[PDB]
There are 2 protein chains.
Amino acid sequence: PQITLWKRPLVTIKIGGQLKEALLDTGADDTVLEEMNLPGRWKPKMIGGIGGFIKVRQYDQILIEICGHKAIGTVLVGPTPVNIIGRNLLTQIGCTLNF
Amino acid sequence: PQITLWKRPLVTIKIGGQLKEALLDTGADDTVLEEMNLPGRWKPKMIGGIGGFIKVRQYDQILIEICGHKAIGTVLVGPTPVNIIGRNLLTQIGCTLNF
Ligand SMILES: CC[C@H](C)CN(C[C@@H](O)[C@H](Cc1ccccc1)NC(=O)O[C@H]1CO[C@H]2OCC[C@H]21)S(=O)(=O)c1ccc2c(c1)OCO2
């Protein structure tokens with residue numbers, strides 16, 4: 001579909017058997033999800049933005065379905081205020097900026 | 001143009017008569033630029049990112065040119081890690097997400 005930017009580009013996603021709302025974020029290198037209990041191994045990471053850094057847990061090869069489009073890649077989990085779909089997964093669903 | 005997301009969506013902007021590089025950031029409500037000298041008056045404001053809240057200078061009705069597209073809107077100036085173009089200006093140049 002085509003999504004205008006009058007409002008936040010929030011879409012429904014499916015990850016780890018849960019439906020959530022997440023931001024399609026072209027400014028996010030990586031995908032960062034609100035705190036959740038995912039199984040499997042992980043490694044710690046820190047990611048920076050406005051206000052400083054947050055500590056996150058990095059899971060690899062995590063499947064996420066975005067508006068019916070399937071994608072699999074690295075997913076960071078930590079105390080983010082919002083679910084953020086980053087470019088690592090946006091590329092996989094064929095998302096582009098257009099103007 | 002149609003911009004894929006395998007790289008950061010970085011573009012050249014023109015503000016205050018000076019060229020800079022900025023990130024098209026659909027996950028940002030507002031446009032936030034690194035510390036710089038801008039003409040006109042400003043008001044102190046606070047914005048929160050992933051890592052917390054920062055102090056910024058708010059400039060209203062500022063002319064910015066993005067990839068040759070003219071916009072006039074609010075521009076926040078403060079200690080952001082990257083020049084980011086937010087939805088307040090992305091809408092003015094006709095930007096949409098598509099997949
Ligand atoms: C360094 C470039 C940006 C600041 C990076 N951010 C993505 C933004 O889209 C962020 C995503 C975002 C959105 C809401 C809350 C927290 C983070 N939005 C943001 O900070 O916008 C602010 C300015 O406008 C205001 O509206 C939204 C917040 C304000 S981020 O969330 O900090 C981020 C996400 C994934 C990352 C990462 C940083 O490092 C590598 O992987």
Side-chain angles (χ1 to χ4, degrees), chain A residues 1-6 8-16 18-36 38 45-59 62 64-99, chain B residues 3-11 22-32 47-54 73-74 76 80-99:
Chain A
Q2 171 172 302
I3 300 170
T4 66
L5 302 175
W6 294 117
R8 297 192 174 192
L10 289 172
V11 300
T12 307
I13 68 176
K14 184 202 294 175
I15 183 178
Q18 299 193 293
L19 297 192
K20 304 165 171 284
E21 289 273 274
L23 223 57
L24 299 181
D25 183 0
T26 64
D29 296 347
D30 310 321
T31 297
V32 192
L33 297 181
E34 297 172 28
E35 192 57 57
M36 72 184 303
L38 274 183
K45 190 169 167 64
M46 273 173 82
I47 60 166
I50 286 175
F53 288 73
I54 64 166
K55 187 173 163 177
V56 304
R57 300 189 313 283
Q58 171 187 334
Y59 298 83
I62 300 295
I64 295 190
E65 188 174 322
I66 302 151
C67 291
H69 296 252
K70 292 191 189 67
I72 183 156
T74 298
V75 170
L76 312 174
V77 178
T80 176
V82 302
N83 293 313
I84 298 167
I85 304 307
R87 291 188 294 104
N88 71 312
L89 301 180
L90 292 173
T91 59
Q92 297 191 24
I93 66 175
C95 190
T96 53
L97 263 190
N98 301 262
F99 66 92
Chain B
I3 300 183
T4 60
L5 300 174
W6 280 285
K7 293 172 127 73
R8 291 176 300 166
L10 289 164
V11 304
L23 185 74
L24 304 184
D25 185 352
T26 58
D29 305 336
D30 312 319
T31 297
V32 187
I47 64 178
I50 197 168
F53 288 73
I54 61 168
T74 304
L76 309 181
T80 174
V82 169
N83 296 323
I84 58 181
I85 303 304
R87 291 186 298 100
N88 68 313
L89 303 183
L90 294 175
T91 57
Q92 293 196 18
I93 63 172
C95 196
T96 63
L97 281 165
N98 307 80
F99 65 91

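In what follows, every heavy atom counts, from backbone to side chain, and hydrogens, waters and symmetry copies are set aside. Here is the naming used below: chain letters follow the sequence lines, and residue numbers restart at 1 for every chain.
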Side-chain (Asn88(A)) to main-chain (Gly73(A)) donor-acceptor, under 3.5 angstrom: no
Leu23(A) side chain near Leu10(A) side chain, heavy-atom distance below 4.5 Å: yes
Student check: side-chain heavy atoms of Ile47(B) and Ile54(B) closer than 4.5 Å: yes
Any side-chain heavy-atom pair of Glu21(A) and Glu34(A) under 4.5 Å: no
Salt bridge (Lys or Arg N to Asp or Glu O under 4.0 Å) contacts in which one or both residues fall within residues 84-94 of chain A, not counting sequence neighbours: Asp29(A)-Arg87(A)
Spacing of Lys45(A) atom NZ and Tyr59(A) atom OH [to the nearest 0.5 Å]: 15.0 Å
Heavy-atom side-chain contact between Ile66(A) and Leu90(A) under 4.5 Å: no
Between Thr96(B) and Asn98(A), a side-chain donor and acceptor under 3.5 Å: no
Non-hydrogen atoms of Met46(A) and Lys55(A) that approach each other most closely: CG-CA, 4.0 Å
Closest heavy-atom pair and its distance - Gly16(A), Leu38(A): CA-CD2, 4.2 Å
Shortest non-hydrogen separation from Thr31(A) to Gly86(A) and the atoms involved: OG1-N, 3.0 Å
Side chain to side chain contact (heavy atoms under 4.5 Å, CB included) assessment of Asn83(A) paired with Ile85(A): CA-CA 7 Å; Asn83(A) 293 313; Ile85(A) 304 307; 5.9 Å; no
Side chain proximity check, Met36(A) to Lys20(A), heavy atoms < 4.5 angstrom: yes
Note, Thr4(A) side chain near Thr91(B) side chain (heavy atom, < 4.5 Å): no
Result of checking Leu76(A), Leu33(A), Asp30(A) against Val56(A) for side-chain contact (heavy atoms from CB on, under 4.5 Å): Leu76(A)
Least distance between heavy atoms, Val77(A) atom then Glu35(A) atom: CG1-CA, 3.9 Å
Nearest non-hydrogen partners of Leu97(B) and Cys95(A), listed with the distance: CD2-SG, 3.5 Å
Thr26(A) and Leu5(B), any side-chain heavy atoms less than 4.5 Å apart: yes
Gap between atom CG of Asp25(A) and atom CZ of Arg8(A) - 0.5 Å precision: 10.0 Å
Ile93(A) to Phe99(B) - nearest heavy-atom pair and separation: O-CB, 3.7 Å
Reported CD1-to-CD1 distance for the pair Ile64(A) and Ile13(A), which is rounded to 0.5 angstrom: 5.0 Å
Side-chain heavy atoms of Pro81(B) within contact of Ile50(A), under 4.5 Å: yes
